[PDB]
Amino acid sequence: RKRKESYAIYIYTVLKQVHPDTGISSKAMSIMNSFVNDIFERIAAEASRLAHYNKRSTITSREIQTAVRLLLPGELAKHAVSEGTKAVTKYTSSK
């Protein structure tokens, strides 16, 4: 066996939600996979520094939120913050 993970299937699902009849070449999918990973790393590293500067040993949704605000440009930040807060509020309402 040989297994390597990627966000490809999740990227594909989201593509179908915004453009039901549009496909994506493997190369473009590879670029989308690199993009998602790049975003993950930037936010995580920023959250990491954030926790370190404040002598906190735990990275919570609050550090992720501040990191998003430092990383994204005006409008994207606002919408990212909403989607983020929304997913956490809902995640917390269950179980």
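A residue's number is simply how far along the shown sequence it sits, counting from 1.
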{"query": "Given 2-10 and 86-94, the range whose Cα B-factors average higher in the PDB entry", "finding": "2-10"}
{"query": "Between 52-60 and 37-45 (mean CA B-factor, as deposited), the higher", "finding": "52-60"}
{"query": "Residue 73 by Cα B-factor - lowest, middle or highest third of the modelled chain", "finding": "highest"}
{"query": "For residue 81, the third of its chain into which the C-alpha B factor falls", "finding": "highest"}
